[PDB]
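Pasted below: work.csv, CSV, C-alpha atoms and all ligand atoms.
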chain,number,residue,atom,x,y,z
Z,1,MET,CA,-24.9,-3.1,5.6
Z,2,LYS,CA,-22.1,-4.0,3.3
Z,3,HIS,CA,-18.5,-4.5,4.7
Z,4,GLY,CA,-15.5,-4.5,2.4
Z,5,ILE,CA,-12.8,-2.8,0.3
Z,6,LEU,CA,-13.5,-0.5,-2.6
Z,7,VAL,CA,-11.0,0.1,-5.4
Z,8,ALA,CA,-11.4,3.8,-6.1
Z,9,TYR,CA,-9.7,6.0,-8.7
Z,10,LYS,CA,-8.6,9.4,-7.6
Z,11,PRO,CA,-8.6,12.0,-10.4
Z,12,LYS,CA,-5.8,14.5,-10.6
Z,13,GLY,CA,-6.8,17.5,-8.5
Z,14,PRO,CA,-8.8,16.4,-5.4
Z,15,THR,CA,-7.2,15.1,-2.2
Z,16,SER,CA,-7.6,11.6,-0.8
Z,17,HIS,CA,-9.9,12.9,1.9
Z,18,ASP,CA,-12.1,14.3,-0.8
Z,19,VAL,CA,-12.5,10.8,-2.1
Z,20,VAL,CA,-13.5,9.5,1.3
Z,21,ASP,CA,-15.9,12.3,1.7
Z,22,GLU,CA,-17.6,11.6,-1.7
Z,23,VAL,CA,-18.0,7.9,-0.9
Z,24,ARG,CA,-19.2,8.7,2.5
Z,25,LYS,CA,-21.7,11.1,1.0
Z,26,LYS,CA,-23.2,8.7,-1.5
Z,27,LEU,CA,-23.3,5.5,0.6
Z,28,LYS,CA,-24.8,7.1,3.7
Z,29,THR,CA,-23.2,4.4,5.8
Z,30,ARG,CA,-21.6,4.5,9.2
Z,31,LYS,CA,-17.9,4.2,8.5
Z,32,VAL,CA,-15.6,5.0,5.6
Z,33,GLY,CA,-11.8,5.1,5.5
Z,34,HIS,CA,-8.7,5.0,3.3
Z,35,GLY,CA,-5.3,3.5,3.3
Z,36,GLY,CA,-2.2,4.9,1.7
Z,37,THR,CA,-2.7,8.5,0.6
Z,38,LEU,CA,-2.2,9.9,-2.9
Z,39,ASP,CA,-1.1,13.5,-3.4
Z,40,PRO,CA,-3.5,15.9,-5.1
Z,41,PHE,CA,-1.4,16.2,-8.2
Z,42,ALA,CA,-1.2,12.5,-8.7
Z,43,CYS,CA,-4.0,10.1,-9.9
Z,44,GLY,CA,-4.6,6.4,-9.5
Z,45,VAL,CA,-5.6,3.6,-7.1
Z,46,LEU,CA,-6.8,4.5,-3.6
Z,47,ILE,CA,-8.1,1.7,-1.3
Z,48,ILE,CA,-11.3,2.6,0.5
Z,49,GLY,CA,-12.5,0.7,3.6
Z,50,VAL,CA,-16.3,0.5,4.3
Z,51,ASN,CA,-17.6,-0.2,7.8
Z,52,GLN,CA,-16.1,-3.4,9.2
Z,53,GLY,CA,-13.9,-3.4,6.1
Z,54,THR,CA,-12.0,-0.5,7.6
Z,55,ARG,CA,-10.6,-2.9,10.2
Z,56,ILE,CA,-8.4,-4.5,7.6
Z,57,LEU,CA,-7.0,-1.4,5.9
Z,58,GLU,CA,-3.6,-1.9,7.6
Z,59,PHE,CA,-3.1,-5.0,5.5
Z,60,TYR,CA,-3.6,-3.0,2.3
Z,61,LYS,CA,-1.2,-0.3,3.4
Z,62,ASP,CA,1.5,-3.0,3.7
Z,63,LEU,CA,1.1,-4.1,0.1
Z,64,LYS,CA,3.5,-2.9,-2.5
Z,65,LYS,CA,2.7,0.0,-4.8
Z,66,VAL,CA,3.4,0.5,-8.5
Z,67,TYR,CA,3.6,4.0,-10.0
Z,68,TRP,CA,4.3,5.4,-13.5
Z,69,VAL,CA,6.1,8.7,-13.2
Z,70,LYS,CA,7.3,11.5,-15.5
Z,71,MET,CA,10.1,13.8,-14.4
Z,72,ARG,CA,11.5,17.0,-16.0
Z,73,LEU,CA,15.3,17.2,-15.8
Z,74,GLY,CA,17.0,20.5,-14.9
Z,75,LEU,CA,13.9,21.8,-13.0
Z,76,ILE,CA,13.6,22.1,-9.2
Z,77,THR,CA,10.5,23.2,-7.4
Z,78,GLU,CA,9.8,23.7,-3.7
Z,79,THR,CA,7.6,20.5,-3.4
Z,80,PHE,CA,9.5,18.6,-6.1
Z,81,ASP,CA,6.5,18.6,-8.5
Z,82,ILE,CA,5.0,20.9,-11.1
Z,83,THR,CA,2.4,22.2,-8.6
Z,84,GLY,CA,5.5,23.4,-6.7
Z,85,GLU,CA,6.9,26.9,-6.9
Z,86,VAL,CA,9.9,26.9,-9.2
Z,87,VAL,CA,12.9,27.6,-7.0
Z,88,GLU,CA,15.7,26.8,-9.4
Z,89,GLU,CA,16.4,25.7,-13.0
Z,90,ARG,CA,19.9,24.4,-13.9
Z,91,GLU,CA,21.1,23.1,-17.2
Z,92,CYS,CA,21.2,19.4,-18.1
Z,93,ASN,CA,23.0,17.8,-21.0
Z,94,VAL,CA,23.6,14.2,-20.2
Z,95,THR,CA,23.4,11.2,-22.5
Z,96,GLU,CA,20.7,8.5,-22.5
Z,97,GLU,CA,23.2,6.1,-21.1
Z,98,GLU,CA,24.0,8.5,-18.3
Z,99,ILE,CA,20.3,8.8,-17.4
Z,100,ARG,CA,19.5,5.1,-17.6
Z,101,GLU,CA,22.6,4.4,-15.5
Z,102,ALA,CA,21.4,6.8,-12.9
Z,103,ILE,CA,17.8,5.5,-12.9
Z,104,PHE,CA,18.5,1.8,-12.5
Z,105,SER,CA,21.1,2.7,-9.8
Z,106,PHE,CA,18.4,3.1,-7.2
Z,107,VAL,CA,17.1,-0.4,-7.3
Z,108,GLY,CA,17.5,-1.7,-3.7
Z,109,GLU,CA,17.1,0.5,-0.7
Z,110,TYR,CA,18.5,3.8,0.3
Z,111,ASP,CA,17.1,5.9,3.1
Z,112,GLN,CA,15.3,9.0,1.6
Z,113,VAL,CA,13.9,12.1,3.2
Z,114,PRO,CA,10.8,14.2,2.5
Z,115,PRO,CA,10.9,16.7,-0.3
Z,116,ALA,CA,12.5,19.9,1.1
Z,117,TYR,CA,14.8,22.3,-0.8
Z,118,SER,CA,14.2,26.1,-0.4
Z,119,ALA,CA,15.4,29.2,-2.1
Z,120,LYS,CA,16.6,30.8,1.1
Z,121,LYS,CA,20.2,31.0,2.5
Z,122,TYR,CA,21.3,27.7,4.0
Z,123,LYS,CA,18.2,25.9,2.9
Z,124,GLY,CA,18.7,24.9,-0.7
Z,125,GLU,CA,21.5,22.4,-1.5
Z,126,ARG,CA,23.7,21.9,1.5
Z,127,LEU,CA,20.6,21.4,3.6
Z,128,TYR,CA,19.3,18.7,1.3
Z,129,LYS,CA,22.8,17.2,1.3
Z,130,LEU,CA,23.0,17.2,5.1
Z,131,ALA,CA,19.5,15.8,5.5
Z,132,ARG,CA,20.2,13.1,3.0
Z,133,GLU,CA,23.3,12.2,5.1
Z,134,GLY,CA,21.0,11.8,8.1
Z,135,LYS,CA,22.7,14.8,9.8
Z,136,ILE,CA,19.5,17.0,10.2
Z,137,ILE,CA,17.5,16.0,13.2
Z,138,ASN,CA,14.1,17.3,12.2
Z,139,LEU,CA,14.4,15.4,8.9
Z,140,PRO,CA,15.1,11.8,9.8
Z,141,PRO,CA,15.8,9.7,6.8
Z,142,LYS,CA,13.6,6.6,6.1
Z,143,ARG,CA,14.8,3.2,4.7
Z,144,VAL,CA,12.8,2.5,1.5
Z,145,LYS,CA,12.9,-0.3,-1.1
Z,146,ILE,CA,12.9,0.2,-4.8
Z,147,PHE,CA,12.1,-3.3,-5.9
Z,148,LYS,CA,12.2,-2.8,-9.7
Z,149,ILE,CA,12.2,-0.2,-12.3
Z,150,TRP,CA,11.2,-0.8,-16.0
Z,151,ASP,CA,9.6,0.8,-19.0
Z,152,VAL,CA,12.1,3.7,-19.1
Z,153,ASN,CA,11.5,6.2,-21.8
Z,154,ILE,CA,13.8,9.2,-22.5
Z,155,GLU,CA,12.2,11.9,-24.6
Z,156,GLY,CA,14.3,15.1,-24.4
Z,157,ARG,CA,14.4,16.7,-21.0
Z,158,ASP,CA,11.4,14.5,-19.9
Z,159,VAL,CA,11.8,10.9,-18.9
Z,160,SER,CA,9.3,8.4,-17.6
Z,161,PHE,CA,9.3,4.9,-16.1
Z,162,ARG,CA,7.5,2.5,-13.8
Z,163,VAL,CA,8.6,1.6,-10.2
Z,164,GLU,CA,7.5,-1.0,-7.7
Z,165,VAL,CA,8.2,0.4,-4.3
Z,166,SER,CA,7.6,-0.3,-0.6
Z,167,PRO,CA,5.0,1.8,1.2
Z,168,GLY,CA,6.1,5.1,2.8
Z,169,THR,CA,8.3,5.9,-0.2
Z,170,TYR,CA,8.0,9.4,-1.8
Z,171,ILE,CA,8.1,9.2,-5.6
Z,172,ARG,CA,8.9,12.9,-5.7
Z,173,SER,CA,11.9,12.2,-3.6
Z,174,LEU,CA,13.1,9.4,-5.9
Z,175,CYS,CA,13.1,11.7,-8.9
Z,176,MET,CA,15.0,14.5,-7.1
Z,177,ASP,CA,17.6,12.0,-5.9
Z,178,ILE,CA,18.0,10.7,-9.5
Z,179,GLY,CA,18.2,14.4,-10.6
Z,180,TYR,CA,21.1,15.1,-8.3
Z,181,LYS,CA,22.9,11.9,-9.4
Z,182,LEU,CA,22.8,13.4,-12.9
Z,183,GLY,CA,23.7,16.7,-11.4
Z,184,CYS,CA,20.9,19.0,-12.5
Z,185,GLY,CA,17.9,18.2,-10.4
Z,186,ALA,CA,14.6,16.8,-11.5
Z,187,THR,CA,10.9,17.4,-10.8
Z,188,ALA,CA,7.8,15.1,-11.0
Z,189,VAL,CA,5.5,16.4,-13.6
Z,190,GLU,CA,3.1,13.5,-13.8
Z,191,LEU,CA,2.3,10.7,-11.4
Z,192,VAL,CA,-0.1,7.7,-11.7
Z,193,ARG,CA,-0.4,4.9,-9.2
Z,194,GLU,CA,-1.2,2.0,-11.4
Z,195,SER,CA,-1.6,-0.6,-8.6
Z,196,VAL,CA,-1.7,-1.4,-4.9
Z,197,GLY,CA,-1.1,-5.1,-4.3
Z,198,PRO,CA,-3.2,-7.0,-6.8
Z,199,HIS,CA,-5.7,-4.1,-7.1
Z,200,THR,CA,-5.2,-2.3,-10.5
Z,201,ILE,CA,-6.2,1.0,-11.9
Z,202,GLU,CA,-8.0,-0.7,-14.7
Z,203,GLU,CA,-10.1,-2.3,-12.0
Z,204,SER,CA,-10.6,1.1,-10.1
Z,205,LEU,CA,-13.8,3.2,-10.1
Z,206,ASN,CA,-14.3,6.9,-10.2
Z,207,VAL,CA,-16.6,7.5,-7.2
Z,208,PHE,CA,-17.1,11.1,-8.2
Z,209,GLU,CA,-18.8,10.1,-11.4
Z,210,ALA,CA,-20.5,7.0,-10.1
Z,211,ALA,CA,-24.0,6.5,-9.0
Z,212,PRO,CA,-24.6,5.2,-5.4
Z,213,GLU,CA,-25.8,1.8,-6.7
Z,214,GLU,CA,-22.7,1.5,-8.7
Z,215,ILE,CA,-20.4,2.3,-5.8
Z,216,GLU,CA,-22.2,0.0,-3.3
Z,217,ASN,CA,-22.5,-2.8,-5.9
Z,218,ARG,CA,-18.8,-2.5,-6.4
Z,219,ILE,CA,-17.4,-3.2,-2.9
Z,220,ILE,CA,-15.4,-6.3,-2.3
Z,221,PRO,CA,-17.1,-8.2,0.6
Z,222,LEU,CA,-14.9,-9.3,3.5
Z,223,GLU,CA,-15.1,-12.9,2.3
Z,224,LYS,CA,-13.1,-11.9,-0.8
Z,225,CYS,CA,-10.7,-9.5,0.8
Z,226,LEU,CA,-7.1,-10.4,1.7
Z,227,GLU,CA,-7.0,-13.0,-1.1
Z,228,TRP,CA,-3.4,-14.0,-0.2
Z,229,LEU,CA,-2.9,-15.2,3.4
Z,230,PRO,CA,-3.8,-18.8,4.3
Z,231,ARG,CA,-7.4,-19.8,5.0
Z,232,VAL,CA,-8.6,-22.4,7.4
Z,233,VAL,CA,-12.2,-23.4,7.8
Z,234,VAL,CA,-13.9,-24.5,11.0
Z,235,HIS,CA,-16.9,-26.7,11.4
Z,236,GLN,CA,-20.1,-24.7,11.0
Z,237,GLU,CA,-21.2,-25.6,14.5
Z,238,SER,CA,-18.3,-23.5,15.9
Z,239,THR,CA,-19.6,-20.3,14.3
Z,240,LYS,CA,-21.3,-18.8,17.3
Z,241,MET,CA,-18.6,-19.4,19.9
Z,242,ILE,CA,-16.0,-17.9,17.6
Z,243,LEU,CA,-18.1,-14.8,16.8
Z,244,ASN,CA,-17.9,-14.2,20.6
Z,245,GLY,CA,-14.6,-14.8,22.3
Z,246,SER,CA,-13.2,-18.4,22.2
Z,247,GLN,CA,-9.9,-19.3,20.6
Z,248,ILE,CA,-9.7,-21.9,18.0
Z,249,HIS,CA,-8.5,-25.4,18.9
Z,250,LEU,CA,-7.4,-28.5,16.9
Z,251,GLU,CA,-10.7,-30.4,17.0
Z,252,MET,CA,-12.5,-27.2,15.9
Z,253,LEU,CA,-10.7,-27.1,12.5
Z,254,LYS,CA,-11.9,-28.9,9.4
Z,255,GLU,CA,-9.6,-27.7,6.6
Z,256,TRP,CA,-6.0,-26.2,6.6
Z,257,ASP,CA,-4.2,-24.3,3.9
Z,258,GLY,CA,-0.7,-24.5,5.3
Z,259,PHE,CA,0.9,-21.9,7.5
Z,260,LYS,CA,3.9,-21.1,9.7
Z,261,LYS,CA,3.9,-20.0,13.3
Z,262,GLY,CA,3.4,-16.2,13.8
Z,263,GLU,CA,1.6,-16.1,10.4
Z,264,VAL,CA,-1.9,-14.6,10.1
Z,265,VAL,CA,-4.8,-16.7,8.7
Z,266,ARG,CA,-8.4,-16.1,7.6
Z,267,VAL,CA,-11.0,-18.1,9.6
Z,268,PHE,CA,-14.0,-19.3,7.5
Z,269,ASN,CA,-16.9,-21.4,8.4
Z,270,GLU,CA,-18.5,-24.1,6.2
Z,271,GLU,CA,-21.0,-21.7,4.8
Z,272,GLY,CA,-18.2,-19.6,3.4
Z,273,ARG,CA,-18.5,-16.7,5.9
Z,274,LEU,CA,-15.4,-14.9,7.1
Z,275,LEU,CA,-15.5,-15.2,10.9
Z,276,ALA,CA,-12.2,-13.7,11.9
Z,277,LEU,CA,-8.5,-13.3,11.5
Z,278,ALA,CA,-6.1,-15.1,13.8
Z,279,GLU,CA,-2.4,-15.8,14.4
Z,280,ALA,CA,-1.0,-19.4,14.3
Z,281,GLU,CA,0.2,-20.6,17.6
Z,282,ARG,CA,1.5,-23.8,16.1
Z,283,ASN,CA,3.1,-24.6,12.8
Z,284,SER,CA,0.7,-26.6,10.6
Z,285,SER,CA,2.7,-29.6,9.8
Z,286,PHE,CA,2.7,-30.1,13.6
Z,287,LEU,CA,-1.0,-30.5,13.6
Z,288,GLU,CA,-0.8,-34.2,12.7
Z,289,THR,CA,1.4,-34.6,15.8
Z,290,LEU,CA,-1.2,-32.8,18.1
Z,291,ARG,CA,-3.6,-35.3,16.7
Z,292,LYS,CA,-2.2,-38.8,17.1
Z,293,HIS,CA,-2.0,-37.6,20.7
Z,294,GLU,CA,-5.2,-36.9,22.6
Z,295,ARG,CA,-3.8,-33.3,22.8
Z,296,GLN,CA,-6.1,-30.7,21.6
Z,297,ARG,CA,-4.6,-27.4,22.4
Z,298,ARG,CA,-5.1,-24.0,20.9
Z,299,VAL,CA,-4.0,-23.7,17.3
Z,300,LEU,CA,-5.0,-20.2,16.3
Z,301,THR,CA,-5.3,-17.1,18.5
Z,302,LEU,CA,-8.1,-14.7,17.7
Z,303,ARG,CA,-6.9,-11.4,16.3
Z,304,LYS,CA,-10.0,-9.7,14.8
Z,305,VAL,CA,-13.6,-11.1,15.0
Z,306,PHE,CA,-16.0,-9.9,12.4
Z,307,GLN,CA,-19.2,-9.6,14.5
Z,308,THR,CA,-21.2,-8.3,11.5
S,401,MG,MG,-7.1,10.5,7.0
Would you write the structure of this file as C-alpha cells?
Ligand SMILES: [Mg+2]
Amino acid sequence: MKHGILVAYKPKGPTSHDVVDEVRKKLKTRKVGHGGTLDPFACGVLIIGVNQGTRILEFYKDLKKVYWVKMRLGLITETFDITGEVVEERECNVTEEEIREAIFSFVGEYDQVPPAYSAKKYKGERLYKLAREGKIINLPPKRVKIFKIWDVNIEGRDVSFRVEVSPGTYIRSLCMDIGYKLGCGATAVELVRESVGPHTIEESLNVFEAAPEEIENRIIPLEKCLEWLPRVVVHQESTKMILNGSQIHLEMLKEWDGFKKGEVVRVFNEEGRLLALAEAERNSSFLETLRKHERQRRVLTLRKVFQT
C-alpha cells in the first residue's frame, strides 16, 4: 500500500471530483482525496492525497498558488468567466498605461467576494458594489493576498498575466475587480494553475490518460512530502514506542534541523522512515541547556503518527 501525494493535471472540462474519481478507479486503493479545488473551466495542478497521504493535505492547501490568466475587457458574465451567461457588455477604450496601472494596483491584500452580478433589478452593479463594501450579510468579504503580478501582456481587448496568491482567492473575482477599476468590467476567458507550492504543472501528470502503473509509480512517498518544515531524527530504537503513543523527549533525539516553539517538524528514524509530525514544545537552541542539566523533558509533542 503506497502512501503519499500525487501531482495531477486537471484538463479543462472535468471537475476536481472527476479527477479524484479517476485516480480512485485506477488505483483500487482505500482512500483518495484532494486539496484546493480547480474550477471546471480552468486547468492545471491539483494535489491528490493517497491513503495515509490524505492526512497531510491540509499542509498543501496552505501553500501559495500561481495562476496564469487571460481576461476579456468590456465583458461581464454571470459567473465571471466565458462558461458564464453573458449578462452585460460595456465599451472599453483605455490605454495600456491605464490597464497596467490598474493591474499592479491589486498587489497586497483587499477583501474580495465571490463572483455574483446578475441581470435582474437590484442585483447587477449596486449589489456588487455593496457586497464589496462588506454591506451585504450573505456575501461576507474575505481578506486575500496578491503577492506579486508579472508577465503582463496587453493584446487588444484581451490581457494576460501571472499572479501568486494566497489560498481561498478567486481569480475570477480579481479580474472583475480590475475590470471595474478600469470601468468596463472584465471576464476570465482562460485560466491555468501553473503551481501549488513547489509542485509545478510541468511536473504534473494527466491521470485520465495514464496507466495504473504510471499513476502509482508516480506518487511521492510520505518520506519525501512536506519537503520544507524542519526534520529531526530519533534513534532507531525509539521507532516502536513512537509509532504507538509516546511523546518525544531530549534523550530520544539524535539530529536537529533547527526550529522555533510552536513550529511543526517531521520526525524521522535512522532508517529514513517518516514516523510522525509533531509540534516543538521547546525552542531548539534551548536544547543544549536541557542537556548540561540532567533535565530530559518533552521536546516535541506528537501531532500525527503514521502507523502505516
Ligand atoms: Mg471534495
**Report entry** Surroundings of ligand MG 401 (chain S) up to 9 Å, based on all atoms listed in the file, as a list in words
**Finding:** residues 16, 17, 20, 33, 34, 35 and 37 of chain Z
Query - Length of the CA of residue 197 in chain Z to CA of residue 45 in chain Z vector [Å] - result: 10.2 Å
Requested in this report: For range 220-237 of chain Z, please output as a list in words all residues within 6 Å (counting all atoms listed in the file; exclusion window: fewer than 2 positions along the same chain).
Outcome: residues 3, 4, 5, 239, 252, 253, 254, 255, 256, 257, 265, 266, 267, 268, 269, 270 and 274 of chain Z
Query raised in the report: Using only C-alpha atoms, which residues sit within 8 Å of residue 242 in chain Z once same-chain residues fewer than 5 positions away are excluded, as an MDAnalysis selection string?
Result: chainID Z and resid 247:248 275 305
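The interatomic distance for the pair CA of residue 105 in chain Z and CA of residue 169 in chain Z works out to 16.3 Å.
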Could you rebuild range 214-236 of chain Z with N, CA and C atoms and give me the result as a CSV table (one decimal), in the frame of the given file?
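Written output follows (result_14.csv):
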chain,number,residue,atom,x,y,z
Z,214,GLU,N,-23.9,2.0,-8.1
Z,214,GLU,CA,-22.7,1.5,-8.7
Z,214,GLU,C,-21.6,1.3,-7.7
Z,215,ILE,N,-21.4,2.4,-6.9
Z,215,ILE,CA,-20.4,2.3,-5.8
Z,215,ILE,C,-20.6,1.1,-4.8
Z,216,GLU,N,-21.8,1.0,-4.3
Z,216,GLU,CA,-22.2,0.0,-3.3
Z,216,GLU,C,-22.0,-1.4,-4.0
Z,217,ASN,N,-22.6,-1.6,-5.2
Z,217,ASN,CA,-22.5,-2.8,-5.9
Z,217,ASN,C,-21.1,-3.1,-6.3
Z,218,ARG,N,-20.2,-2.3,-6.0
Z,218,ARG,CA,-18.8,-2.5,-6.4
Z,218,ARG,C,-17.8,-2.8,-5.3
Z,219,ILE,N,-18.3,-2.9,-4.0
Z,219,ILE,CA,-17.4,-3.2,-2.9
Z,219,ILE,C,-17.1,-4.7,-2.8
Z,220,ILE,N,-15.8,-5.0,-2.5
Z,220,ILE,CA,-15.4,-6.3,-2.3
Z,220,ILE,C,-15.8,-6.8,-0.9
Z,221,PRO,N,-16.7,-7.7,-0.8
Z,221,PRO,CA,-17.1,-8.2,0.6
Z,221,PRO,C,-15.9,-8.8,1.3
Z,222,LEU,N,-15.9,-8.8,2.6
Z,222,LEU,CA,-14.9,-9.3,3.5
Z,222,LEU,C,-14.4,-10.7,3.1
Z,223,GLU,N,-15.4,-11.5,2.7
Z,223,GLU,CA,-15.1,-12.9,2.3
Z,223,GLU,C,-14.1,-13.0,1.1
Z,224,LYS,N,-14.0,-11.9,0.3
Z,224,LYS,CA,-13.1,-11.9,-0.8
Z,224,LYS,C,-11.9,-11.0,-0.6
Z,225,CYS,N,-11.8,-10.4,0.5
Z,225,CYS,CA,-10.7,-9.5,0.8
Z,225,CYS,C,-9.5,-10.3,1.3
Z,226,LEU,N,-8.3,-9.7,1.2
Z,226,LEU,CA,-7.1,-10.4,1.7
Z,226,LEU,C,-7.0,-11.8,1.0
Z,227,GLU,N,-7.1,-11.8,-0.3
Z,227,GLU,CA,-7.0,-13.0,-1.1
Z,227,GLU,C,-5.8,-13.9,-0.8
Z,228,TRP,N,-4.7,-13.3,-0.5
Z,228,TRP,CA,-3.4,-14.0,-0.2
Z,228,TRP,C,-3.7,-14.4,1.3
Z,229,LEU,N,-2.7,-14.8,2.0
Z,229,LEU,CA,-2.9,-15.2,3.4
Z,229,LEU,C,-3.7,-16.5,3.5
Z,230,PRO,N,-3.1,-17.5,4.2
Z,230,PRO,CA,-3.8,-18.8,4.3
Z,230,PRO,C,-5.2,-18.8,4.9
Z,231,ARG,N,-6.0,-19.7,4.5
Z,231,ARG,CA,-7.4,-19.8,5.0
Z,231,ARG,C,-7.6,-21.1,5.6
Z,232,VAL,N,-8.2,-21.2,6.7
Z,232,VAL,CA,-8.6,-22.4,7.4
Z,232,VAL,C,-10.1,-22.4,7.6
Z,233,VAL,N,-10.7,-23.5,7.5
Z,233,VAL,CA,-12.2,-23.4,7.8
Z,233,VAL,C,-12.6,-24.3,9.0
Z,234,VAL,N,-13.4,-23.8,9.8
Z,234,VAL,CA,-13.9,-24.5,11.0
Z,234,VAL,C,-15.3,-25.1,10.8
Z,235,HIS,N,-15.6,-26.2,11.5
Z,235,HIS,CA,-16.9,-26.7,11.4
Z,235,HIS,C,-18.0,-25.7,11.7
Z,236,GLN,N,-19.0,-25.7,10.8
Z,236,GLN,CA,-20.1,-24.7,11.0
Z,236,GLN,C,-20.5,-24.5,12.4
